[PDB]
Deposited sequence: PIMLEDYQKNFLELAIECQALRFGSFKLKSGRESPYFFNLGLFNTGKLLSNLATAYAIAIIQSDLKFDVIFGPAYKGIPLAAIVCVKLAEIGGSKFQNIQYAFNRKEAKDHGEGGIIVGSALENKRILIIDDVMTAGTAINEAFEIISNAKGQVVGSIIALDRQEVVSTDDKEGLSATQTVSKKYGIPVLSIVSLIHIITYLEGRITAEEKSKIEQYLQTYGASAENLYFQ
C-alpha cells in the first residue's frame, strides 16, 4: 500500500518515456489490457542508468545471495551488464565481485565458468517461460545453480482463467524451478502510483481489471 521511492521513480520515468502507456490494448490471447509495456523504450543513457538503479535496488532489497547475473540473449545481455555495474556502484562490499554472463544464440556462455556458481537470471519480461527454460538448460549444462530471477514488470495476471490455482506467469516459473521471481514493480504498484493522478471512475475500472485477472 506504499511504494518505495525507487518504484515511484521507475514508474514516473516509464510513463514519461512511454515505456508504460495507458489505454486499451489486446494481448495475444485476446484479453483486454489497460496498459502496454515496452522496456525497450528505456533507451537513453539517463534512462538506462535509472533502469539499472531500479533493478539493482530491487535485488539489494530482496536479500538474495548470488555470484553471477545472467542475461538471456539478446535483450537480457545489456540488462545483465548495466545491473552488474550498478550493484557494484551502489551495493557496497558484498557486490564488488559479482560477475555477469550471457549466452550466444549459437562455447555458448560468454563469461567465467558457471560451475558451482549461484546465478540470478535477469530479463525484461516473462510470459510462457521459454527464455527461462532455455537459460535453465544452458546453466545446468555448465553446472551453475540458479537461485533466482528478476524481470522489470510483473503483470500479476493469471496465465489462464480456467486454472483453479490462479498462478501468474512468474508464479508458474517460481513453482516449477523453486526460485523467487523478483520484479521492480507489479500491477499493484502501478495502481498505487496512479492514486490521485486519475479519476475515481478510471481508478474503479483498473481496480476491477485487478479482480478478474489478478493472480491468486
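In sequence order, the deposited residues that have no C-alpha coordinates form the ranges 1, 108-114, 225-231.
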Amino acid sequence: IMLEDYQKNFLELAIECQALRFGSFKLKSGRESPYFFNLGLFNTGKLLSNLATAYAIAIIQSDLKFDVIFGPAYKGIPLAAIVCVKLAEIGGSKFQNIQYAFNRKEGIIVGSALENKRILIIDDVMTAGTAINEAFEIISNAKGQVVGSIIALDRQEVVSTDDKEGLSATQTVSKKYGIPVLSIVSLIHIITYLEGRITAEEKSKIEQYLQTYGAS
From here on, numbers count along this sequence of modelled residues.
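What we label the rigid core is the largest C-alpha set whose atoms superpose within 1.5 Å from one form to the other.
Comparing 180-188 with 63-71 by root mean square Cα distance to the shown form in 4 other deposited structures of this protein, with the rigid core used for the fit, gives 180-188 as the more displaced stretch. Between 167-175 and 44-52, the larger root mean square Cα shift in 4 other deposited structures of this protein, once each structure is superposed on the rigid core, falls on 167-175.
When the mean C-alpha temperature factors of 3-11 and 205-213 are read from the deposited coordinates, 205-213 comes out higher. Checked against the record, the higher mean CA B factor of 115-123 and 89-97 lies with 89-97. Taking the PDB entry at face value, the top CA B factor among 135, 73, 83, 108 belongs to 108. Highest C-alpha temperature factor among 186, 62, 29, 168, as the PDB entry reports it: 29.
Residue 67: CA B factor in the lowest third of modelled residues in this chain (values from the PDB entry).
When the modelled residues of the chain are ordered by C-alpha B-factor, residue 155 sits in the middle third. Placement of the Cα temperature factor of residue 38 within the chain: lowest third of the modelled residues, per the deposited record. Remark: residue 79 belongs to the lowest third of its chain, ranked by C-alpha B-factor as recorded. When the modelled residues of the chain are ordered by C-alpha B-factor, residue 18 sits in the lowest third.
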